[PDB]
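Next up: just one chain, as structure tokens, the form deposited in one PDB entry.
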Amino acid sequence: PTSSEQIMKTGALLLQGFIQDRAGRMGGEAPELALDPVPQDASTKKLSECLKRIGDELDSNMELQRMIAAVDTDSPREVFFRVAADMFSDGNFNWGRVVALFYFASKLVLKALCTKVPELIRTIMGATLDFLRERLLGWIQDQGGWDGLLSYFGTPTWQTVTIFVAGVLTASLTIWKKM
């Protein structure tokens, strides 16, 4: 539950489930994912549904979409890390930054699927989970695991929470664009 193995596993399945959902929206079963889909249990599915709803709102943030559409790199891992390290360089973590990270990593993977480069999939997911372990694992264990993500976004004005999620990601992309 709060074990490092469960926290890593849930992070992997959350990232996978979000990518697979967007993959299916664009191409049904056609996209070559190159990671085996894992059936999700009841608790993890609730987290995946939360991330799905936040992802849809982030998709409708114009400034953020402009910034993400502006990344066109042969090395998505390098921009992923620049954004990840900047976002968490302040040392004041909360679930909105975690969500923004998983959202941005998923978009990087989707641009690889959409360009028929399935090896970037494992590279980006590997980097995301490595970053999860090195930077975020201690804080998530302190929170009691992933369940608190659900509390964070469980309010009627979750869209106002999501302004700050989009905001922190836009700020780190602006940093990377000036690097």
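All residue numbers refer to positions in the sequence shown, first residue = 1.
If you take the mean CA temperature factor per stretch, which one wins between 153 to 161 and 7 to 15?
Per the PDB record, 153 to 161.
Comparing 61 to 69 with 24 to 32, the one whose average Cα B-factor in the PDB entry is higher:
Comparing 24 to 32 with 61 to 69, the higher mean C-alpha B-factor belongs to 24 to 32.
Looking at the temperature factor on the CA atom of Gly55, which third of the chain's modelled residues does it land in?
Tercile = middle for this residue's CA B-factor.
Ranked C-alpha temperature factor of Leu120 among modelled chain residues, by third
Top third by C-alpha B-factor.
Determine, from the deposited record, the chain-internal third of the Cα B-factor for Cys114: lowest, middle or highest.
Its C-alpha B-factor, which the entry lists for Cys114, ranks in the highest third among residues of this chain.
Comparing against every modelled residue in the chain, figure out the third that the C-alpha B-factor of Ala42 lands in (lowest, middle or highest).
Its C-alpha B-factor, which the entry lists for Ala42, ranks in the highest third among residues of this chain.
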